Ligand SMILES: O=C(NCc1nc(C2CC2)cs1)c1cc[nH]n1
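Shown here is one chain on its own, the form deposited without the ligand, set out as structure tokens.
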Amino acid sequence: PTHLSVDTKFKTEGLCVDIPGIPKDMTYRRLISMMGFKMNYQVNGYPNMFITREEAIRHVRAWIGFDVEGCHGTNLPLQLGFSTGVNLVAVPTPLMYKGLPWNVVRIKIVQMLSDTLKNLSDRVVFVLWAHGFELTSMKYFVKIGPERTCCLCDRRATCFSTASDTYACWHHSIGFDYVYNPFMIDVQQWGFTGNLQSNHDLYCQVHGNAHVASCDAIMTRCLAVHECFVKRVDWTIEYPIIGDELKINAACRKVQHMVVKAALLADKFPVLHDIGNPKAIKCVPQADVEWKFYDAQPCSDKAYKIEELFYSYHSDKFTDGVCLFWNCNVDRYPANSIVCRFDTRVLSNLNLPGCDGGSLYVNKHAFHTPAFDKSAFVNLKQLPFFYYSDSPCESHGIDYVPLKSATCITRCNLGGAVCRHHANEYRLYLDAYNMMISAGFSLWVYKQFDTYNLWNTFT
């Protein structure tokens, strides 16, 4: 039960229009052979070109939707579409390139996958809604063999160069022409009734069908994402570290502690309603406040309707005190709220494009987040940056430049000059805050929040 067996049956019904007379009885072994690839009984880490749904989910960062549409098939030119929005035309002799021979097309394919994937994954997973041409065209840009390492580094090889007879990862593949040991999955094998557009449109209104190959490639990967992350949710799956994951998570924990501590000091709420993650711990352990928890797992489909989290008859009165929605995405927040809401629009190596405007945020775990909506925050306002500290002004134990700032809410700044300790802690906190903002997170607070109320907590 490790990899997908090559002797597993492959349903060929979706392939019989491009490939008439295709055998109904088909294995991955016979299919790979029909595609022009010789697996040669090789026990060298690449057991099958196709992968399981579980293997695909573990490698979601590698997904590239791929679709080939016949323009006019060895006689006709093909249109190669990718979920990157790229459309290449291969002559056999929404970016739309004119017809070019395969030897130049393959070079472009390696450039595009390398630039899209080098900071995401150690491989490519071509996500298909297989009809024939995409599988028969792979011999023109894909080479297979034993698992290899990069000529310039220790990462696995994902490319091959016929010109130099060498292999490279996605980072050292400049000038490489072949895709080496790609992975693939046919979404049609999961059992669907009807075509791609009818299944995709059941869950997504953001990707139209402009009737080009890349449009289908986009709808394919989107449908795959909905099936694997929207309706099916697995938070036990671990994902490798590819960037600032640890810093972003540390920063988010510092910002939450800071923002919640200050709201409780400024407005002295008697009760706080913590709506979100059922495993949450009090972010401000020493706060006076009555801390009440409400369990609500991350919503991956649509944002929670505030009515279904609060009503149908807990303090019951969420209107008493303040409500904390730390990454708990709701359709419209109540006015007495402290809110952290991930902005799905953010461009990043952690944030992958998702379904219905949403995004797949992959940081240790994969969280499909519903589309960001500015109207969720109409009863709230954007939370401004501030650093608050009631700790003593004491250095203990990095060269200094005097800190001058209106947002350093400390006793030293109240009394005129900011001390070295609060200046180091202010700069560190501003860094953590900037990290979290640029990671996509947005902070919102109740309209009456005013940091001016924090100065009298020093006397």
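Numbering starts at 1 and runs along the sequence shown.
According to the PDB entry, the deposited sequence contains 10 or more residues between residue 93 and residue 94 that lack coordinates.
Coordinates are absent for 4 to 9 residues of the deposited sequence placed between residue 397 and residue 398.
When the two stretches 230-238 and 257-265 are set side by side, the higher mean Cα temperature factor goes to 230-238. In this entry, the higher average B-factor at the C-alpha atoms falls on 314-322, of the pair 199-207 and 314-322. The PDB entry gives the largest Cα B-factor of the residues 85, 182, 99, 354 to 99. When the C-alpha B factors of 279, 123, 108, 131 are read from the deposited coordinates, the top value falls at 279. Residue 67: CA B factor lies in the lowest third for its chain, per the PDB record.
Ranked against the other modelled residues of its chain, the C-alpha B-factor of residue 387 as given in the entry falls in the lowest third. Among the modelled residues of its chain, residue 358 has a C-alpha B-factor that falls in the lowest third, as given in the PDB entry. Among all modelled residues in its chain, residue 459 ranks in the highest third by Cα B-factor. Residue-level temperature factors show residue 433 in the middle third of its chain, judged at the C-alpha atom.
As for the form solved in complex with the ligand, it is not shown, yet the points below apply to it.
Site status: blocked, since the ligand, placed here by C-alpha superposition from its pose in the deposited bound form, has 3 or more atoms within 2.4 Å of backbone or C-beta atoms. Within 4.5 Å of some heavy atom of the ligand in the deposited bound form lies at least one heavy atom of residue 69.
Using a 4.5 Å cutoff between non-hydrogen atoms, residue 374 does not count as a contact of the ligand in the deposited bound form. Shown alone here, residue 189 lies farther than 4.5 Å from the ligand in the deposited bound form, counting heavy atoms only. The ligand in the deposited bound form is not approached by residue 151, whose heavy atoms all lie more than 4.5 angstroms from it.
Residues of 201-227 lying near the ligand in the deposited bound form, listed in sequence order, are 211, 212, 213, 216, the criterion being any heavy atom within 4.5 Å.
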